[PDB]
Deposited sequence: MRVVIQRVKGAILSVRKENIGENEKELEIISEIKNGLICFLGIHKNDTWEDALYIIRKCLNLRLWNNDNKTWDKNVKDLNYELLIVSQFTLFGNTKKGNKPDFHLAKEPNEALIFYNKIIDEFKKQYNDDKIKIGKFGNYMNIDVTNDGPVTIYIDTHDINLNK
């Protein structure tokens, strides 16, 4: 499993409605993190936990003297967790990218919900916001630094 973690002052997630061209705001987070999370073909519940561990636990904020000190939960800060398969989008071969290594979308959806669920059990239920799985979404992000963090769990076991 893969994740892009971007530090944020806020973020507003909006999708298409019901002519359309009409974006509808479903998820707001103020200060906190945003997480573009890619579920991989053969992911196991162990990778999921590791993702949730680093999100919830890495120290991407500062205090007085001390830097890189406090994690998302110390500041009662939110997270917006957005599913992003395009992260296994393969760009080794060809300028059109190939997603062959992502998970199938019905298998993914159940896995991601499970994760979101667990996300809530390891933090606070009201701090974890989400997008609409496998849907067009339009997200305004306030990058705070910026701060961008990459983790590929298949770099571990």
item: Chain regions without C-alpha coordinates, deposited sequence numbering; value: 19-22, 162-164
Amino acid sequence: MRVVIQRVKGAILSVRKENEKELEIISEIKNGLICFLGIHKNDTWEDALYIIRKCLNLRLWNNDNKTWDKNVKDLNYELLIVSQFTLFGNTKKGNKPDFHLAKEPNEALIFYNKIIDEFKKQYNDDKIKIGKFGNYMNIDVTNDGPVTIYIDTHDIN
From here on, numbers count along this sequence of modelled residues.
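Take the two forms, find the largest set of C-alpha atoms that superpose within 1.5 Å, and that set is the rigid core.
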query: Positional deviation of Cα atoms in 8 other deposited structures of this protein after core superposition, greater for 116-124 or 59-67; finding: 59-67
query: Entries skipping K9: at least a third of other ones; finding: no
query: Other entries modelling both neighbours but not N19, at least a third; finding: yes
query: Stretch with the higher entry mean CA B-factor, where the candidates are 53-61 and 93-101; finding: 93-101
query: Chain-relative CA temperature factor third for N135; finding: middle
query: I34 by Cα B-factor - lowest, middle or highest third of the modelled chain; finding: lowest
query: Lowest, middle or highest third - CA B-factor, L13; finding: middle
